[PDB]
Amino acid sequence: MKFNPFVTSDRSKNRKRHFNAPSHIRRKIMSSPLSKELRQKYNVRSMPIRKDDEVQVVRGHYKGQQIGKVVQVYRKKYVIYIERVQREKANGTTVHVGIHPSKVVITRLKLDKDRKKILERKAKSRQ
Amino acid sequence: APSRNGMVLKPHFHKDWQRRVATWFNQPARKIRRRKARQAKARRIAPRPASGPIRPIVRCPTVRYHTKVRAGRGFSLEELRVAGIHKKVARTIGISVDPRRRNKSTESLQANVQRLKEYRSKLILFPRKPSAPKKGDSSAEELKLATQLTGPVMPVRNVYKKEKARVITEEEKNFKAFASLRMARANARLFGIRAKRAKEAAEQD
Amino acid sequence: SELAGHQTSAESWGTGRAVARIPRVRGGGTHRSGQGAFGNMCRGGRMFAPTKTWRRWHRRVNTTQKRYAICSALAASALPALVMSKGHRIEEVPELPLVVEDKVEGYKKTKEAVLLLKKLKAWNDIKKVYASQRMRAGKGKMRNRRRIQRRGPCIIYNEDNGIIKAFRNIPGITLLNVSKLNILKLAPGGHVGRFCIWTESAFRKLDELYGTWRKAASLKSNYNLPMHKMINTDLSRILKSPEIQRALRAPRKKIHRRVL
RNA sequence: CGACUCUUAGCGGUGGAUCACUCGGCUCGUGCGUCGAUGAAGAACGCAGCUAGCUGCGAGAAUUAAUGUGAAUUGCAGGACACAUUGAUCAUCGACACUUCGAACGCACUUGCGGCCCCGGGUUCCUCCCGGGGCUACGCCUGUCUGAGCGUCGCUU
RNA sequence: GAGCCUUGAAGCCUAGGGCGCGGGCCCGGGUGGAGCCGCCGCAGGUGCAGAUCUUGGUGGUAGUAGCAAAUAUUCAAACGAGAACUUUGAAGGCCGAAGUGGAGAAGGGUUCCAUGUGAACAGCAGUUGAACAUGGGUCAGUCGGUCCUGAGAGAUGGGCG
RNA sequence: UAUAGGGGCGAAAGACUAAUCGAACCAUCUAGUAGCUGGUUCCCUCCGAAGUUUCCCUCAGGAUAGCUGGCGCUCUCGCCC
RNA sequence: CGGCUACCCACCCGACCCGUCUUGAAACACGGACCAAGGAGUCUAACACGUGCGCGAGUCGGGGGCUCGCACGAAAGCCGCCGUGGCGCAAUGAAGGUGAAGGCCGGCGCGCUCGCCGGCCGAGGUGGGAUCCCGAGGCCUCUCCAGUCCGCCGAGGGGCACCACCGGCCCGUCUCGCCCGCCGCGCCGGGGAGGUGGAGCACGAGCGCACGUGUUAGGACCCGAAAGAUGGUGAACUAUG
RNA sequence: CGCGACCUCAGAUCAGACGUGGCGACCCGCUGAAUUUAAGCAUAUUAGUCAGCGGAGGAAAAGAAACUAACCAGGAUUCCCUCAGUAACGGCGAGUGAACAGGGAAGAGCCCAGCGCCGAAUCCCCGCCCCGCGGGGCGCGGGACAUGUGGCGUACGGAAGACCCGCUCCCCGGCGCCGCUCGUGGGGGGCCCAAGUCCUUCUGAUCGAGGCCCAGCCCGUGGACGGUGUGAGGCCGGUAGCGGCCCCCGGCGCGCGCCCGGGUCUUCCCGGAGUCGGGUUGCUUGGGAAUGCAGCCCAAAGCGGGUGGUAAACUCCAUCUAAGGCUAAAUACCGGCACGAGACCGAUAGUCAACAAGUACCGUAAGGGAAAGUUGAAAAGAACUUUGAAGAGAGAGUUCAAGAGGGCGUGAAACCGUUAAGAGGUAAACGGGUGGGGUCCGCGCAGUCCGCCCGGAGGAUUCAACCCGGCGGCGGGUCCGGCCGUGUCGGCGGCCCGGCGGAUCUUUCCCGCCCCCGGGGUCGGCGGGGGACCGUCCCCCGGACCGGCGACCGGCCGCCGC
Ligand SMILES: [Mg+2]
Ligand SMILES: [Mg+2]
Ligand SMILES: [Mg+2]
Ligand SMILES: [Mg+2]
Ligand SMILES: [Mg+2]
Ligand SMILES: [Mg+2]
Ligand SMILES: [Mg+2]
Ligand SMILES: [Mg+2]
Ligand SMILES: [Mg+2]
Ligand SMILES: [Mg+2]
Ligand SMILES: [Mg+2]
Ligand SMILES: [Mg+2]
Ligand SMILES: [Mg+2]
Ligand SMILES: [Mg+2]
Ligand SMILES: [Mg+2]
Ligand SMILES: [Mg+2]
Ligand SMILES: [Mg+2]
Ligand SMILES: [Mg+2]
Ligand SMILES: [Mg+2]
Ligand SMILES: [Mg+2]
Ligand SMILES: [Mg+2]
Ligand SMILES: [Mg+2]
Ligand SMILES: [Mg+2]
Ligand SMILES: [Mg+2]
Ligand SMILES: [Mg+2]
Ligand SMILES: [Mg+2]
Ligand SMILES: [Mg+2]
Ligand SMILES: [Mg+2]
Ligand SMILES: [Mg+2]
Ligand SMILES: [Mg+2]
Ligand SMILES: [Mg+2]
Ligand SMILES: [Mg+2]
Ligand SMILES: [Mg+2]
Ligand SMILES: [Mg+2]
Ligand SMILES: [Mg+2]
Ligand SMILES: [Mg+2]
Ligand SMILES: [Mg+2]
Ligand SMILES: [Mg+2]
Ligand SMILES: [Mg+2]
Ligand SMILES: [Mg+2]
Ligand SMILES: [Mg+2]
Ligand SMILES: [Mg+2]
Ligand SMILES: [Mg+2]
Ligand SMILES: [Mg+2]
Ligand SMILES: [Mg+2]
Ligand SMILES: [Mg+2]
Ligand SMILES: [Mg+2]
Ligand SMILES: [Mg+2]
Ligand SMILES: [Mg+2]
Ligand SMILES: [Mg+2]
Ligand SMILES: [Mg+2]
Ligand SMILES: [Mg+2]
Ligand SMILES: [Mg+2]
Ligand SMILES: [Mg+2]
Ligand SMILES: [Mg+2]
Ligand SMILES: [Mg+2]
Ligand SMILES: [Mg+2]
Ligand SMILES: [Mg+2]
Ligand SMILES: [Mg+2]
Ligand SMILES: [Mg+2]
Ligand SMILES: [Mg+2]
Ligand SMILES: [Mg+2]
Ligand SMILES: [Mg+2]
Ligand SMILES: [Mg+2]
Ligand SMILES: [Mg+2]
Ligand SMILES: [Mg+2]
Ligand SMILES: [Mg+2]
Ligand SMILES: [Mg+2]
Ligand SMILES: [Mg+2]
Ligand SMILES: [Mg+2]
Ligand SMILES: [Mg+2]
Ligand SMILES: [Mg+2]
Ligand SMILES: [Mg+2]
Ligand SMILES: [Mg+2]
Ligand SMILES: [Mg+2]
Ligand SMILES: [Mg+2]
Ligand SMILES: [Mg+2]
Ligand SMILES: [Mg+2]
Ligand SMILES: [Mg+2]
Ligand SMILES: [Mg+2]
Ligand SMILES: [Mg+2]
Ligand SMILES: [Mg+2]
Ligand SMILES: [Mg+2]
Ligand SMILES: [Mg+2]
Ligand SMILES: [Mg+2]
Ligand SMILES: [Mg+2]
């Protein structure tokens, strides 16, 4: 139950902050869980997704065994786009299907020194 | 406009009262504010007790409330001089000082003097440097407490004179009848006119 | 309202220009200029009886009636038929009002709380609260209340030592204190007989806090138990007693209908 | 027999009532106390690559610098793609900058007409000569400079 | 109420079945796609046929009145799918110098000009326009403002408040 | 350019003062008051009027009494009086 | 085969278009072209009455205080040497002020249209008055006998509430007369008998909360004016320099 | 004649510094109506408000008595409950309307002119040195103000000067570091628990029962939001005296500058003036023979002046010391910056405005002032063929759905078009009664009833009839073994190893005290503590009643499945 009186339970205020949050808040909003072997190996629950993360989709029209690399992250639309996931238009032009990153299981992260510092802070705070 | 048998009503609502409506929606808000004010005072200010300065035994001026008793304001400088301490030294000790309060009664004089003796007996002071003026060792493990509640003495002290056992007595019960009040009333009404008639009888020879 | 539709300055026409006698906003170009002004029957107008802030909201109750309602709710919580008719699952539950030991009030983890409810068979009522946590019916979903979370058992205690932490996120439970008995928590919805779980110190402190009919309440100042209107109130026993049936006329059960 | 008129039902047509939703109001309560002569509130004009409005800014003009976070903004081409160099966006903003009118302040205001001081080139210098920079409103306080009296007085002709 | 359900809630329609005397209600059938109801208590901004009722929409009138102030148009060709109306040739007329002519002040603000479209505008029409979209256009020592005072408006000194 | 609202101006009509002038326009007091028109929203059941006395600057109104409804209380019958 | 029905049609009979001002409306009285949404007796304060609950000669925490910081907690619980205070328990007077118990028995002073001493009872009497109490009497398949058994009543009695009357007490005035006490013997106080005025007493029933009706003042069931005041804007029309 | 000093002044684009203007919800100062009521209207009420003007602060104002009271007296201002709809004002009509107590929040008190004393011991400015970080403040030398009066000592509660007495030894303004603090000091950044598993629907799941006898996992975290629907676990978010870092504020502890108060006696000083007050006149008040303010005139006193609620004279008494000033707290806030909640509203409601809203637009101007939300899960917004020049259309395609095709959720009424059925000279429509037709509903229409008992025909079963074996329930007697409920005594036992209350006591108990002659006197009186007695709980044996919702064992009749 909410006990701190300086945070809202208001539906209008929560939806307002959610649909008008800036991009550095929207990065925290668009976070994705990890696979079970990768969370066993890194001791972390979830990570924010970036341009070069490999993605297995668990739910939707495309489900399972489709590990592909993402290409675009529209934080305005709360939508990542995956290279493997395709859909043809009327005129034979392919286009990427909108997938929300909360229904996204990351199988391979991107190695960077900044992400190593983030992962170390996650592991130290998870303890 | 009027009706059957009901009381004549004159409400004071002809003035535009709707603008000035003060409704206590913030009454628990003021309660929480004043709780936090008292708690912040007792934390940050001192180990002095809440309602810090001591109040006197005071009789209420009326023919209605003068049988009762009241916590006054200050200790009535003649009383404070009989207790024998300086004015601002008393104010820093914790004695509340009012320079206006007079003394008509030696009874109330000695009552406030004995109250000052009791407060000086119950006083435990803490100077800064350990040169020991008016202190000693760790007195009563820092006097077992820090802050008292609502006066150190409970300054009401509703005195209970009892006078239980006495024998029915002699002709006082035949002498203290109703006629004494009427005689005193008539003497108070006719105290001056009898003096004028005595002056006129002494003048006219 | 506090600032009604009286922002629009308007006057009425009168005899000629025979639309109506209602005031009309005056201007040009804008197609509102000429429409209905303030009033109850107009578009965008001042409503009838603008609900002012000085309504008589809060209602004082006599403290004797407050304590009377607390005693009535606690007495109705003891009868099994009343609480089963309110709907708590008291099938496998042991003896009425349950008194647990003093080791219960010092719980820290809520796994011990769930295990205690499973061993004291209130877990059936907690499972009913799990089974009924549906969505709010009506427009009240907009103002942050979207759950029909029905009330279950309430645990009444003293000496808070972590029992609020152990009972804090169980659905349907109610944090309730002996020195602060809430009518709104002991009898929610105006219905009596809510399932309650006491403690040793609670069940021994009730008699100290209210008293019997012999002694007064020692914790309160000037409270006694109320007058009991019917002492031995078994109406079937009274009407089947020999002293009452000795003084009856006769059983007259003939009908004597209409004769054609 | 058909045409016209009336009542139902099915389907179709301006109409957006009802139902459902809410980045909106309304009410109540708490916390803090905050504009300006070091140019306030307000207004005019301008600024995006494609940019009318709202929003954001002031010739450094869709933001500059710094800190924090950490791979984007996005409708479209381009641009930095670098991170074993410094790093895109976003928020904070504590450093710079903030056109004109506006208490508006050189005059009333027609972006006109001046007056001092200094600096660059134009006959290497004022003499009503171009550009740039600073100053030039009223009242008043303290102190400085100058002078007005047949206001009062000292010394001398 | 271990209530109802995306195997279909609210809403709406119904030559379907029924109940209650009536307020109304239940079920069936058709669209709809996410919330709804029953009992017990509680509180209302709680029921519409009217008020020259307010807002919004729609009929009869009705394809009706009306497209009639100022003498008038006609033939051929051309771009064009399309011409009583656009453009040109020709003919006949009007305005007839106190103009239906050539330029100004106030006012308008891009309406001026070219190109393209013709759903929208022009009370029919357009291939046309002052409509729409794109791109252009206003160059001063010697034209005027700027200078001056006119009727008048105005700040300081002063006075009032 | 000057005269601005009980003010201006008028060869005088009370005419003109931004389609309004025998007292302009906009906003506020203001949701001014009205004994005066119009309207006042679901069903069923029971009971059910008056247009009269007196008074009032009273005569389209109100007060009082009368007519009416609701809520009860005190009793009485069921067994030669 | 059956079927009433928000389907359609025909036939017989009755049937003027609703709402309200009115004595009278279908009216040649007024509003209404049609349809959808909105739309009019609310809220506060005060009073009175009725009802429901709690306590009850008391009642009430609305003003504050106490709990550990809690979403519901702007709730709730408690104060009691926090009952200050409101209402009620006492009224009458303009006021000084005064302020609700009498009855029975014995003795005493001339039981004298007259007071004292001692004891007892205690909110008076009359006529009705629900109810309640005592009880003559008689009634149960054959006899003397009994206990509860079936089983009421003539008559008598104490009398709730309340009504009607009489009587008593208290307060302010009116008339008539006498007596008593002295922290001081006075234009000092007190007392008696009668008829009056009071919203009185004559064993008190109030306080708090809630609901319903009615009235008042607040915009007060909704809409409506000719008008008044305050502060600003216009001589681009027109009037005159 | 000239030079100089002082006093009155002018100038400057002299050096430095200050006020203008805006918001104005709360607060302060002025003045300021009428609609309305009084059923009429003048006094009155509206109202000392609305409008107008001038000012500042997070509060403002007020604030240390020229006070209240009249007795067993209190003692700054503010705010609340009472006082109280009362005293009182009012064509005493309508109506208007306080105050002192008393109980609470808050508590903080002071300074100056005069009087004298200090050789102006005082302040402003200029120039250089001593100085530390992010920056300006003490000390050296000369230019002014000020003797027509700076500063210290002083404040009506008395103060000052000189002896006597025992004493007191000191403060506040800096600077680096160490451990803190009640939310575990301020705000900001970044992070932290636990199914996305097996089966089945669905376009999609967050739907649907289950995850071994330990309830599959987490919980101090099951608030809320987004995610293709209805999630505690899939995601930042939620709990936590949860952790790590940076920035800021505070009280401890080394330098620099100042530092005689109390009691007795003697002497001296001891106060705010066109001001109070009086007359008169306006506004206001509840304030009346005038509460306050103001205009004019008259205009002081020093055992004085004011107040003492009925004008005035005489007398007595109570209280205060005005015409100078400051001061935080409780209190108010519809403006503003963030903030949390809602028995509120749902695009004709709620702010005028959910949206490019004070916008479009109107009036010369003051000013007036709108309408307007929704496709889908994602545009995947209809490729391509074909008629027409296009608008548009027929195929085809995406989507669960085009019956969602760019103002596109749902799609009624008024009204219109077509089809089907029926009808038509008394305008249409209606009530009662039937009839005919049509849609639809239930069923098989010469064939539809069930439940029990008994007499007949085959079949397979096992109990029941009686008993043994068994646990569980009903009933009552010994109230048998024992708990407990109602009134009663007793151990006065827990009275000192006990709770509650008593204006009932104990002056031969104690302590702090007064009085009379360190001691004595209950000789009399005040407060607190000890305990004597009165009405209820805590054990017991002995006993009466129901064994009554208080229930076990022992035994009995009558139940019951296996
Ligand atoms: Mg909200
Ligand atoms: Mg009436
Ligand atoms: Mg008014
Ligand atoms: Mg208005
Ligand atoms: Mg208003
Ligand atoms: Mg509105
Ligand atoms: Mg609904
Ligand atoms: Mg619309
Ligand atoms: Mg930068
Ligand atoms: Mg320059
Ligand atoms: Mg219903
Ligand atoms: Mg309504
Ligand atoms: Mg509502
Ligand atoms: Mg309607
Ligand atoms: Mg009607
Ligand atoms: Mg109409
Ligand atoms: Mg029409
Ligand atoms: Mg025609
Ligand atoms: Mg014709
Ligand atoms: Mg024409
Ligand atoms: Mg041709
Ligand atoms: Mg051609
Ligand atoms: Mg010709
Ligand atoms: Mg000419
Ligand atoms: Mg011409
Ligand atoms: Mg052109
Ligand atoms: Mg063209
Ligand atoms: Mg046309
Ligand atoms: Mg154009
Ligand atoms: Mg030239
Ligand atoms: Mg002037
Ligand atoms: Mg001047
Ligand atoms: Mg005027
Ligand atoms: Mg006037
Ligand atoms: Mg005109
Ligand atoms: Mg006139
Ligand atoms: Mg006028
Ligand atoms: Mg009205
Ligand atoms: Mg009459
Ligand atoms: Mg009447
Ligand atoms: Mg009657
Ligand atoms: Mg009746
Ligand atoms: Mg009439
Ligand atoms: Mg008539
Ligand atoms: Mg009629
Ligand atoms: Mg007519
Ligand atoms: Mg008519
Ligand atoms: Mg009509
Ligand atoms: Mg409606
Ligand atoms: Mg009552
Ligand atoms: Mg009292
Ligand atoms: Mg009262
Ligand atoms: Mg009106
Ligand atoms: Mg008038
Ligand atoms: Mg002109
Ligand atoms: Mg003229
Ligand atoms: Mg009237
Ligand atoms: Mg009038
Ligand atoms: Mg007045
Ligand atoms: Mg004002
Ligand atoms: Mg200002
Ligand atoms: Mg400020
Ligand atoms: Mg002040
Ligand atoms: Mg009156
Ligand atoms: Mg008044
Ligand atoms: Mg003083
Ligand atoms: Mg969700
Ligand atoms: Mg969730
Ligand atoms: Mg998580
Ligand atoms: Mg004196
Ligand atoms: Mg005097
Ligand atoms: Mg005097
Ligand atoms: Mg006197
Ligand atoms: Mg007097
Ligand atoms: Mg003073
Ligand atoms: Mg002052
Ligand atoms: Mg203050
Ligand atoms: Mg809608
Ligand atoms: Mg709108
Ligand atoms: Mg979307
Ligand atoms: Mg479907
Ligand atoms: Mg649609
Ligand atoms: Mg749809
Ligand atoms: Mg939807
Ligand atoms: Mg339709
Ligand atoms: Mg047909």
# chains A, B, ... in the order shown; residues from 1 in each chain; ligands from 1
call {"tool": "interface_residues", "arguments": {"of": "chain E", "to": "chain C", "cutoff": "8 Å", "atoms": "only C-alpha atoms (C1' of nucleotides)", "output": "PyMOL selection string"}}
result
chain E and resi 2+35-36+41+45+52-55
call {"tool": "write_last_selection", "arguments": {"atoms": "N, CA and C atoms (P, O5', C5', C4', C3', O3' and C1' of nucleotides)", "output": "PDB file, in the first residue's frame"}}
result
ATOM      1  P     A E   2     -21.283 -16.540  -2.317  1.00  0.00           P
ATOM      2  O5'   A E   2     -20.261 -16.854  -3.493  1.00  0.00           O
ATOM      3  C5'   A E   2     -19.215 -15.941  -3.801  1.00  0.00           C
ATOM      4  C4'   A E   2     -18.181 -16.547  -4.718  1.00  0.00           C
ATOM      5  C3'   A E   2     -18.665 -17.689  -5.614  1.00  0.00           C
ATOM      6  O3'   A E   2     -18.039 -17.576  -6.888  1.00  0.00           O
ATOM      7  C1'   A E   2     -16.818 -18.409  -4.338  1.00  0.00           C
ATOM      8  P     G E  35     -13.898  -0.183 -19.542  1.00  0.00           P
ATOM      9  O5'   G E  35     -15.303   0.531 -19.303  1.00  0.00           O
ATOM     10  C5'   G E  35     -16.075   0.266 -18.140  1.00  0.00           C
ATOM     11  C4'   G E  35     -17.287  -0.568 -18.464  1.00  0.00           C
ATOM     12  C3'   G E  35     -18.270  -0.814 -17.326  1.00  0.00           C
ATOM     13  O3'   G E  35     -19.184   0.248 -17.116  1.00  0.00           O
ATOM     14  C1'   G E  35     -17.760  -2.857 -18.358  1.00  0.00           C
ATOM     15  P     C E  36     -19.838   0.474 -15.665  1.00  0.00           P
ATOM     16  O5'   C E  36     -20.935  -0.674 -15.535  1.00  0.00           O
ATOM     17  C5'   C E  36     -22.066  -0.700 -16.391  1.00  0.00           C
ATOM     18  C4'   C E  36     -22.856  -1.977 -16.241  1.00  0.00           C
ATOM     19  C3'   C E  36     -23.607  -2.154 -14.934  1.00  0.00           C
ATOM     20  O3'   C E  36     -24.808  -1.408 -14.873  1.00  0.00           O
ATOM     21  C1'   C E  36     -22.518  -4.175 -15.505  1.00  0.00           C
ATOM     22  P     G E  41     -33.358  -2.094   4.659  1.00  0.00           P
ATOM     23  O5'   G E  41     -32.562  -1.132   5.644  1.00  0.00           O
ATOM     24  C5'   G E  41     -32.093   0.129   5.201  1.00  0.00           C
ATOM     25  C4'   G E  41     -30.676   0.382   5.645  1.00  0.00           C
ATOM     26  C3'   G E  41     -30.139   1.767   5.341  1.00  0.00           C
ATOM     27  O3'   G E  41     -30.533   2.726   6.302  1.00  0.00           O
ATOM     28  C1'   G E  41     -28.564   0.158   4.649  1.00  0.00           C
ATOM     29  P     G E  45     -26.837  17.163  -4.495  1.00  0.00           P
ATOM     30  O5'   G E  45     -27.273  17.994  -5.779  1.00  0.00           O
ATOM     31  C5'   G E  45     -28.587  18.534  -5.893  1.00  0.00           C
ATOM     32  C4'   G E  45     -29.033  18.643  -7.331  1.00  0.00           C
ATOM     33  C3'   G E  45     -29.367  17.322  -8.020  1.00  0.00           C
ATOM     34  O3'   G E  45     -30.425  17.531  -8.952  1.00  0.00           O
ATOM     35  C1'   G E  45     -27.592  18.389  -9.167  1.00  0.00           C
ATOM     36  P     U E  52     -42.489  31.610 -22.446  1.00  0.00           P
ATOM     37  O5'   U E  52     -42.430  31.111 -23.956  1.00  0.00           O
ATOM     38  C5'   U E  52     -43.615  30.824 -24.681  1.00  0.00           C
ATOM     39  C4'   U E  52     -43.545  31.366 -26.085  1.00  0.00           C
ATOM     40  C3'   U E  52     -42.150  31.625 -26.629  1.00  0.00           C
ATOM     41  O3'   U E  52     -41.507  30.455 -27.099  1.00  0.00           O
ATOM     42  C1'   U E  52     -43.556  33.472 -27.107  1.00  0.00           C
ATOM     43  P     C E  53     -39.926  30.269 -26.886  1.00  0.00           P
ATOM     44  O5'   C E  53     -39.798  28.869 -26.142  1.00  0.00           O
ATOM     45  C5'   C E  53     -40.483  28.635 -24.925  1.00  0.00           C
ATOM     46  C4'   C E  53     -39.545  28.613 -23.745  1.00  0.00           C
ATOM     47  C3'   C E  53     -38.076  28.371 -24.062  1.00  0.00           C
ATOM     48  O3'   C E  53     -37.392  29.561 -24.425  1.00  0.00           O
ATOM     49  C1'   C E  53     -38.758  26.938 -22.301  1.00  0.00           C
ATOM     50  P     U E  54     -36.481  29.620 -25.750  1.00  0.00           P
ATOM     51  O5'   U E  54     -35.049  29.120 -25.270  1.00  0.00           O
ATOM     52  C5'   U E  54     -34.102  30.012 -24.702  1.00  0.00           C
ATOM     53  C4'   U E  54     -32.824  29.291 -24.354  1.00  0.00           C
ATOM     54  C3'   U E  54     -32.141  28.586 -25.517  1.00  0.00           C
ATOM     55  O3'   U E  54     -31.303  29.452 -26.262  1.00  0.00           O
ATOM     56  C1'   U E  54     -32.328  27.091 -23.691  1.00  0.00           C
ATOM     57  P     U E  55     -31.119  29.235 -27.841  1.00  0.00           P
ATOM     58  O5'   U E  55     -30.207  27.935 -27.950  1.00  0.00           O
ATOM     59  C5'   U E  55     -28.858  27.945 -27.510  1.00  0.00           C
ATOM     60  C4'   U E  55     -28.245  26.571 -27.593  1.00  0.00           C
ATOM     61  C3'   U E  55     -28.332  25.898 -28.952  1.00  0.00           C
ATOM     62  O3'   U E  55     -27.332  26.333 -29.855  1.00  0.00           O
ATOM     63  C1'   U E  55     -29.014  24.376 -27.280  1.00  0.00           C
TER      64        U E  55
END
call {"tool": "residues_around", "arguments": {"residues": "range 202-211 of chain G", "least_positions_apart": "5", "cutoff": "6 Å", "atoms": "only C-alpha atoms (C1' of nucleotides)", "output": "MDAnalysis selection string"}}
result
(chainID C and resid 61) or (chainID G and resid 59:60 88)
call {"tool": "write_last_selection", "arguments": {"atoms": "N, CA, C and O atoms (P, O5', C5', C4', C3', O3' and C1' of nucleotides)", "output": "PDB file, in the first residue's frame"}}
result
ATOM      1  N   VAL C  61     -22.188  12.336  17.261  1.00  0.00           N
ATOM      2  CA  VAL C  61     -22.918  11.277  17.942  1.00  0.00           C
ATOM      3  C   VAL C  61     -22.598  11.397  19.425  1.00  0.00           C
ATOM      4  O   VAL C  61     -21.500  11.822  19.804  1.00  0.00           O
TER       5      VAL C  61
ATOM      6  P     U G  59     -26.168  12.320  33.496  1.00  0.00           P
ATOM      7  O5'   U G  59     -26.375  13.058  32.102  1.00  0.00           O
ATOM      8  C5'   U G  59     -27.444  12.697  31.243  1.00  0.00           C
ATOM      9  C4'   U G  59     -27.618  13.698  30.134  1.00  0.00           C
ATOM     10  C3'   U G  59     -26.384  13.962  29.289  1.00  0.00           C
ATOM     11  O3'   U G  59     -26.209  12.992  28.273  1.00  0.00           O
ATOM     12  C1'   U G  59     -27.372  16.017  29.922  1.00  0.00           C
ATOM     13  P     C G  60     -24.736  12.518  27.846  1.00  0.00           P
ATOM     14  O5'   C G  60     -24.221  13.686  26.898  1.00  0.00           O
ATOM     15  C5'   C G  60     -24.942  14.046  25.730  1.00  0.00           C
ATOM     16  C4'   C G  60     -24.489  15.376  25.188  1.00  0.00           C
ATOM     17  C3'   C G  60     -22.992  15.545  25.018  1.00  0.00           C
ATOM     18  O3'   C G  60     -22.487  14.914  23.858  1.00  0.00           O
ATOM     19  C1'   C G  60     -23.898  17.478  26.034  1.00  0.00           C
ATOM     20  P     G G  88     -33.942  26.963  30.186  1.00  0.00           P
ATOM     21  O5'   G G  88     -34.116  25.670  31.103  1.00  0.00           O
ATOM     22  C5'   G G  88     -35.080  24.676  30.788  1.00  0.00           C
ATOM     23  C4'   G G  88     -34.937  23.463  31.674  1.00  0.00           C
ATOM     24  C3'   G G  88     -34.992  23.721  33.167  1.00  0.00           C
ATOM     25  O3'   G G  88     -36.312  23.882  33.649  1.00  0.00           O
ATOM     26  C1'   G G  88     -33.187  22.287  32.692  1.00  0.00           C
TER      27        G G  88
END
call {"tool": "residues_near_ligand", "arguments": {"ligand": "ligand 55", "cutoff": "9 Å", "atoms": "only C-alpha atoms (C1' of nucleotides) and all ligand atoms", "output": "list in words"}}
result
residues 235, 236, 237 and 238 of chain G
call {"tool": "residues_near_ligand", "arguments": {"ligand": "ligand 28", "cutoff": "8 Å", "atoms": "only C-alpha atoms (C1' of nucleotides) and all ligand atoms", "output": "list in words"}}
result
residues 122, 123, 124 and 125 of chain E
call {"tool": "write_last_selection", "arguments": {"atoms": "C-alpha atoms (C1' of nucleotides)", "output": "PDB file, in the first residue's frame"}}
result
ATOM      1  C1'   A E 122     -19.011  33.814 -57.903  1.00  0.00           C
ATOM      2  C1'   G E 123     -26.597  33.239 -55.751  1.00  0.00           C
ATOM      3  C1'   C E 124     -26.832  28.921 -63.311  1.00  0.00           C
ATOM      4  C1'   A E 125     -21.836  28.457 -65.624  1.00  0.00           C
TER       5        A E 125
END
call {"tool": "closest_residue", "arguments": {"among": "H:424, H:350, H:524, H:292", "to": "chain C", "atoms": "only C-alpha atoms (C1' of nucleotides)"}}
result
H:350
call {"tool": "residues_around", "arguments": {"residues": "residue 2 in chain A", "least_positions_apart": "3", "cutoff": "10 Å", "atoms": "only C-alpha atoms (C1' of nucleotides)", "output": "VMD selection string"}}
result
(chain A and resid 5 to 9) or (chain G and resid 70 to 71) or (chain H and resid 221 223 to 224 238 to 239)
call {"tool": "select_by_dssp", "arguments": {"residues": "range 112-182 of chain C", "states": "alpha helix (DSSP H)", "output": "JSON, numbers by chain"}}
result
{"C": [112, 113, 114, 115, 116, 117, 118, 119, 123, 124, 125, 126, 127, 128, 129, 130, 131, 163, 164, 165, 166]}
